Amino acid sequence: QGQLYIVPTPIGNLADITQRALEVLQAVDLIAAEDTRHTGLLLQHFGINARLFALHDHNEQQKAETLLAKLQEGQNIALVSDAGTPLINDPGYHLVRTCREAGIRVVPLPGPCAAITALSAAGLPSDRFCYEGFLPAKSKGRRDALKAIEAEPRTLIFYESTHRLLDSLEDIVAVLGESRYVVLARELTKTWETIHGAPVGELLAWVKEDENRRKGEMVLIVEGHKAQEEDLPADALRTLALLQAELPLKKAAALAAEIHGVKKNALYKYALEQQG
Amino acid sequence: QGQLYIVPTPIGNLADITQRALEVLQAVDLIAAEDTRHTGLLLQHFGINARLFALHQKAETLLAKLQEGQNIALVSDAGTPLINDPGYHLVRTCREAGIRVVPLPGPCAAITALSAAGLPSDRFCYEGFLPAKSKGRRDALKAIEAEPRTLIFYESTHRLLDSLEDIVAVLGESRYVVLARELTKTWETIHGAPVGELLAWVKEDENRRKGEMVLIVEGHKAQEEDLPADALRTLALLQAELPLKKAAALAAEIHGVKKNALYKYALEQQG
Ligand SMILES: CCN(CC[C@H](N)C(=O)O)C[C@H]1O[C@@H](n2cnc3c(N)ncnc32)[C@H](O)[C@@H]1O
Ligand SMILES: [Mg+2]
Ligand SMILES: [Mg+2]
């Protein structure tokens, strides 16, 4: 019977909270939080007292049923995360789905979002964009993920940690090339806030100039691929290379052209250039 | 020497304004908005006076003012500014001119709708307003039919029925769609259901299509198992050339299909 509230929290600047959020927090009986201690400190700063429930992804589903039962009893539950808004790389998906399928009102509240905040000042097209969150921590997985989105024409939003910023930048340089334009937004809404846009190679070089520039939390905005059709499809080239490894060059090119339905002369020229 | 500020505005709830935004508005001596009337009404409700600037080149004037040393705050009618509209060129020019841009967190209709829709969020794409023309809308839907990420669109009450019919025609009926209406207000309503069921539900009453809407559509992540004729012909061609096992592996890696299936199919054909 009681409604669930998705109340965002500041992303580092306490002053960046909404009045409605404070009223809702003081008007609810239980607050599901990623880390009770953290939220507890935030509540104390505003002089708000309420019950805290440890709700994180590890025990999300397990306690989703308990939260649903509590809501059915007429209680009001507000969901908060350490920062930004829940459900965006933060726990809450299973609980929200269970509440929705059980016929429970869900009241979302506007609030801070690191990706949106970075995009607003990114200086890049915002009409269409794709959010991807964190990148794989492994080199092979990261390279595969980057390759899969190499041809994406929309602006790309990624989340990044100081622990792997240099490796991720190097992988981006290797895959997407240094010509791509990338914007790094660090410590938004904080004293050391800094947004720097540049070619990937230039960006990397600038970051390596000082360790201070890769400290804290970061968001990466990658300009989408340009609308150039001169380059032939990469899948055809990969198939041609694999068939060359397994079969003779001429048969490999003929089979690749036949399956992909592309001109054989261009594929043969590319293969000859690669071999040379 | 001046600093540009991005100050998101409420989206239909005056209580959704943050303290930092109010302090920034007081601090800046010139506020630039697209719709002067809306921002003026917001300021009067908050009892704020300032030198409003109207947007319609204005980029050069704003850059000159910023270079002079005047703090300018950029605002929009609702939500976060410079989203689904031009203006990012000005931010890029200011960054290239040594100016410092301070974004402020604020309301976002798409993010707010996504946080409550319950559809997957680990990865999503925002497509903004769909084409107002039926042919354009159908072409856009076709271009994103195979997208596996959750899609977020903005729609107006005028074309909500047309958009729903277009999605029904293109994406079919089995697809799950969530409609968010009048978020952050007494009329807020989020309803999730198949496209056809949602269309019937919205047609059942007129108030359900009143205002501005946010549409969240789950990506295509089902019925991906099949045996395309291209894979079969490739396997047949490679079998005569390479050993069955090698041909099956090559076909599987080319078409991204299970190798063991192709092998069983080849054996059944041979049999
Ligand atoms: C792009 C122009 N945009 C401004 C929102 C801002 N740009 C933002 O990013 O949040 C206007 C569009 O956003 C949607 N919208 C705004 N407020 C809404 C609300 N309370 N409920 C539902 N939808 C809403 C709706 O589709 C409207 O036509
Ligand atoms: Mg922790
Ligand atoms: Mg968290």
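Numbers at a glance
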| item | result |
| --- | --- |
| Between segment A:164-227 and segment B:133-195, the alpha-carbon center distance in angstrom | 35 Å |
| In chain A, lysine pairs closer than 30 Å at Cα, eight or more apart or cross-chain | 29 |
| Principal-axis tilt of helix A:234-246 within chain A, Cα atoms, nearest 10 degrees | 60 degrees |
| Sparse-neighbourhood loop sites, trypsin sites (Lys or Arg not before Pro) in segment A:207-276 - DSSP loop, at most 15 other Cβ within 10 angstrom | A:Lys215, A:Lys226, A:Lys263 |
| For B:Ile83, net neighbour charge (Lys/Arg +1, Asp/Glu -1) across residues whose Cβ lies under 13 Å away | -4 |
| Of B:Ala252, A:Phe134, B:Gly106, farthest towards positive along the dipole that unit charges on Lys, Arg, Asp, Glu beta carbons give the protein assembly as shown | B:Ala252 |
| Distance cut-off 47 Å, percentage of C-alpha pairs in the protein assembly as shown lying past it | 19 percent |
| Kirkwood hydrodynamic radius over Cα pairs of chain B, then Stokes diffusion coefficient at 20 °C and 1.002 mPa s, in µm²/s | 96 µm²/s |
| Kirkwood estimate for segment B:96-236, i.e. one over the average of 1/r between Cα atoms, Å | 16.7 Å |
| Sorted by Cβ neighbour density within 10 Å, fewest at the top, the residues A:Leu184, A:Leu272 | A:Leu272, A:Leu184 |
| Magnitude of the charge dipole, the protein assembly as shown, Cβ model with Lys/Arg +1 and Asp/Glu -1, debye to 20 | 620 debye |
| Per-pair calculated FRET efficiency, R0 = 56 Å: B:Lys259 and B:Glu23 via Cβ, rounded to 0.05 | 0.35 |
| Longest segment of chain A lacking GluC sites (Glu not before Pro) that sit in a DSSP loop with at most 13 other Cβ atoms within 10 Å | A:74-149 |
| Positive-pole candidate from B:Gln67, B:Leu119, B:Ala33, dipole of segment B:3-157, charges at beta carbon | B:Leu119 |
| Those GluC sites (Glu not before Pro) in segment B:186-246 that DSSP places in a loop and that have at most 12 other beta carbons within 10 Å | B:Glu206, B:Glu224, B:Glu225 |
| FRET efficiency for B:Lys245 and A:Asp144, using Cβ-Cβ distance with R0 set to 30 Å, rounded to 0.05 | 0.75 |
| Hydrodynamic radius of segment A:174-216 per Kirkwood, over alpha carbon pairs, in Å | 11.0 Å |
| DSSP bridge pairs, chain B: antiparallel proportion in percent, nearest 5 | 50 percent |
| Beta bridges by DSSP in the protein assembly as shown, antiparallel share as percent, to the nearest 5 | 50 percent |
| Selection from B:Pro194, B:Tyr263, B:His220, by position along the positive dipole direction of segment B:192-271 (Cβ) | B:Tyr263 |
| Descending semi-axes in whole angstrom, ellipsoid equivalent of segment B:209-271, from the Cα gyration tensor | 40, 11, 9 |
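Read-outs: derived from the displayed coordinates by stated rules, not from any lab. Note that each Cβ is placed from the backbone with ideal geometry, even for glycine, and that neighbours are counted across all protein chains shown.
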